[PDB]
């Protein structure tokens, strides 16, 4: 299997962490009979510098011929002022659209040595292993109209907009995800109030028919909001609209005390996707050795799982992450049990070390 990967590390610690992922990937694969070709491309401030554009035309080409995209992060002070038209961030938004990625997977699982750091009591969070799927293309964030309205513009409106295709494909993906996980999907909406939620539930219920083994259930966003605190262990896969996914993923991002090493996947219908850590570029700590490579490494694992169906490998990588953490190593950000602070590379070496 000749895997074609597009490496787009980006700004700040972007390239630092990316290096971990690439090292770990080469290891995991190259030892069985799995080719993997990397091709670097600029994006964000790095591309602004070498091509006056957050998203270089050549980058899209690089990506369009690759089986998946490995991305770090973008943004930096060096560009925090030029026209918002040509800011690092825009190049990323464009890449998402240009690739037609509509789903955002934000898995959240507990790690024994990170429990003390969790804001929740040990008992509440110790078995968390969920994934929140967020719709990216529709919702209030894209809905038009959206403006003030006379007289004197003392009226305002934002529009929650969705198409049957958008809602269908996202849900369809959530079922596929749940199928290969614990066959359990909670569809989250506000169906007793919003017509888009009403339609959403119907489509969820429709799709459930094509996925018999998956245990579908519905839960309102306001309830899911407290369930993620009171009994987050109950979830396997959660799927929801754009703004609900936005708020819920942020809430969930702190329950296991692993915020800072959370992985992220952006998918569409085919097996093509864009993997990246949830954290930003942390420009000011670049080159200092303090960047945490875990998030990005866990991304590469998701990549192997979602884009190539290589669950064996993807799983190996994840155990390594658990084990290194099990020994108590972090780079200063995570508050691990019996913590020993090492550098981004030291931590990577310990990782690849565990991988055999």
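Residue numbers count along the first chain shown, from 1.
**Student:** Would you determine, from the values in the PDB entry, which of 92-100 and 214-222 has the greater average C-alpha temperature factor?
**Tutor:** The recorded data point to 92-100.
**Student:** What stretch has the higher average Cα B-factor here, 233-241 or 135-143?
**Tutor:** Comparing 233-241 with 135-143, the higher mean C-alpha B-factor belongs to 135-143.
**Student:** Between 195, 251, 202, 153, which one tops the list for Cα B-factor in this entry?
**Tutor:** The record points to 153.
**Student:** Tell me which of 271, 106, 184, 169 tops the list for C-alpha B factor in the record.
**Tutor:** Highest CA B-factor of the listed options: 271.
**Student:** Would you please rank residue 80 by its C-alpha temperature factor against the other modelled residues of its chain and give the third it falls in: lowest, middle or highest?
**Tutor:** It belongs to the highest third of the chain when residues are ordered by C-alpha B-factor.
**Student:** What third of its chain, lowest, middle or highest, does the C-alpha temperature factor of residue 48 fall into?
**Tutor:** Top third by C-alpha B-factor.
**Student:** Looking at the temperature factor on the CA atom of residue 295, which third of the chain's modelled residues does it land in?
**Tutor:** For residue 295, the deposited C-alpha B-factor lands in the lowest third.
**Student:** What third of its chain, lowest, middle or highest, does the C-alpha temperature factor of residue 122 fall into?
**Tutor:** Tercile = middle for this residue's CA B-factor.
**Student:** Would the CA B-factor of residue 284 place it in the lowest, middle or highest third of its chain?
**Tutor:** Its C-alpha B-factor belongs to the highest third of this chain's values.
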